[PDB]
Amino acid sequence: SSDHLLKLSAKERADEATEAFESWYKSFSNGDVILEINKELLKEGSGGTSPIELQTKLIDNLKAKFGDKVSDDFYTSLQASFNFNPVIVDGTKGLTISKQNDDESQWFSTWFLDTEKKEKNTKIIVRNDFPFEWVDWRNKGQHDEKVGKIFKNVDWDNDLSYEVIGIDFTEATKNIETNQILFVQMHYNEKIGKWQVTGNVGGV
């Protein structure tokens, strides 16, 4: 229904969104694999098989796993996030995602991703083992200095399509550069009638 947002109360929305997030976040198991290359590909630059290919095949697979659950700009933003934060096979590291951007924010889209092994890896995976908590942007986050401004793109004061999630990286570990504490926004999709996880993220 159209006014589904209008009819609901703030807590009902917050809860609806959070539940949607969980649904996704838990629509797969910790550590499931999304890009695998044969062992053979580790050697040389031959076979490659090159960033735009890896980035692509990766994104393709992702789209197939997730579907409606995330907004299209989500994939969009992630692919943009490469470009200068490339996917490659490294002689020691094997297959990995290299942080090469002075822009910290370009790295932010990589938050949910990791490598099976720290040396000579062949696989790329997802993690759902982080603590997450609903956040009150409209009243708390938006004014909160240091990150009150990471979300410039939403009105907040007049817009009901968007809500914010907070994630805690303090007592967990990754094989690639890590951030600590990030926020991700959910958008209610009018056409679809459900919440989606956008590619809009930030906050160090």
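Each residue number is its position in the shown sequence, starting from 1.
**Student:** Per the record, averaged over C-alpha atoms, which has the higher B-factor: 68-76 or 130-138?
**Tutor:** The stretch with the larger average C-alpha B-factor is 130-138.
**Student:** Read off the CA B-factors in the entry, average them over 27-35 and over 56-64, and name the higher stretch.
**Tutor:** The stretch with the larger mean CA B-factor is 27-35.
**Student:** Going by the recorded CA B-factors, say which third of the chain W156 sits in, lowest, middle or highest.
**Tutor:** Answer is middle: the recorded C-alpha B-factor places it there.
**Student:** Of the three thirds of its chain by CA temperature factor, lowest, middle or highest, which one includes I167?
**Tutor:** As the PDB entry reports it, the C-alpha B-factor of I167 lands in the middle third of its chain.
**Student:** Split the chain's modelled residues into thirds by Cα B-factor; is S98 in the lowest, middle or highest one?
**Tutor:** Its C-alpha B-factor belongs to the middle third of this chain's values.
**Student:** Could you place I181 in the lowest, middle or highest third of its chain by Cα temperature factor, using the values in the record?
**Tutor:** Within its chain, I181 is a highest-third residue by C-alpha B-factor, going by the deposited values.
**Student:** Using the temperature factors of the C-alpha atoms in this entry, rank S105 within its chain: lowest, middle or highest third.
**Tutor:** Middle third by C-alpha B-factor.
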